[PDB]
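The chain below stands alone and is given as structure tokens, in the form deposited in one PDB entry.
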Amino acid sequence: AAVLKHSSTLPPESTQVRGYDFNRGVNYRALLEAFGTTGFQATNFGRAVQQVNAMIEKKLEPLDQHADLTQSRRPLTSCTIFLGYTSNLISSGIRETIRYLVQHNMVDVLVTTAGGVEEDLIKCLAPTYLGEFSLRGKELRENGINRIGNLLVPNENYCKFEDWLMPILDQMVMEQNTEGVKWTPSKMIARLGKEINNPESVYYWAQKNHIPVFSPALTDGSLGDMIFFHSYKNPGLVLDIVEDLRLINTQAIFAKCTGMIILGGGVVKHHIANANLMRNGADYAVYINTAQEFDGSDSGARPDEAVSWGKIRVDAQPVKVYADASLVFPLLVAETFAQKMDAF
């Protein structure tokens, strides 16, 4: 008191901390709304809801398409939304959440990691089960079960996938060799989505709605195993990543405005957003992941790192929620996209 500085009155729009009062009973909407003033990551959740709603409102504003350069059947809107997620999230029930968004045309580009395609298709053939993180590899191997976090996928699921996939790969090679088709990951993912023909599949809806999927490390997962084994029976498949780079970059540079929602990981480090002459950098970004920055990893980098790359604009107000997206993403969707369903 004799030793502490007098406090400079805080701004008049300064928000007081207050949690939800259960003496009101349980109104879940009011409970989720109270996260904003609860503090720590609950506050970041509230900030994320605000950012995603701003992104959606921008997208819904009514509108040159550059269709010659984009080579795309999907018309530009007032905000191009990129949805990114790691493959573990597709093994989880967040697959249902992502599918919903894609089914209703709520996002414009999907980006994922190795495994992130096939686990969606495999779930159309056979289920993934709940287990525990602590289950020992020895016991699981003796029982022909693969672990993904606390999830369990029987070996047979991958055997069923192989059987389903092989005649599709045969057609792809035949179409390449005799019909001039130049395959890329995104074109392959669209074909698999068409083939699975199942409304529970993310990739079925993506292709139906002309939402492209980019995954240049497609071969790092089970799909790689299959392509490789297939090549011994029917050699010659080629997958080019350069044309996919051109397709996604033309989306990036001709977007009127850009928003990103990134789950489980971080963003790529590159300068292409600076070549968007209309609006360089994203106006909106939300990350939801548990990774930490201190090892220098891409996954753990804060959004403000991407501002130095030009990937997110200096004047954007990006938000990271430090949490497992399996918990947070359905809540975020409940308060954003699922409210605006009528507009989509």
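Residues that one form lacks are left out of the comparison. Just so we're on the same page, rigid core means the largest C-alpha set that superposes within 1.5 Å between forms. Numbers follow the displayed sequence, beginning with 1.
Omitted here: the form deposited in another entry. The next part is about that form.
For the set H210, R141, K182, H271, a Cα shift of at least 2 angstroms between the shown form and the other one, after rigid core superposition, holds for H271 and for no other residue. If you fit the rigid core between the shown form and the other one, you'll see the Cα of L69 move by 2 angstroms or more.
Once the cores line up, the CA of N280 ends up 2 angstroms or more apart between the shown form and the other one. Annotation for the pair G84/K269: C-alpha atoms approach each other in the other entry, by 3 Å or more compared with this form.
In contrast to the form presented, in the other entry the C-alpha positions of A54 and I272 draw closer by 3 Å or more.
Segments of 3 or more consecutive residues in which every C-alpha moves by 2 Å or more between the shown form and the other one, counting only residues present in both forms and fitting on the core, are 64 to 71, 266 to 280.
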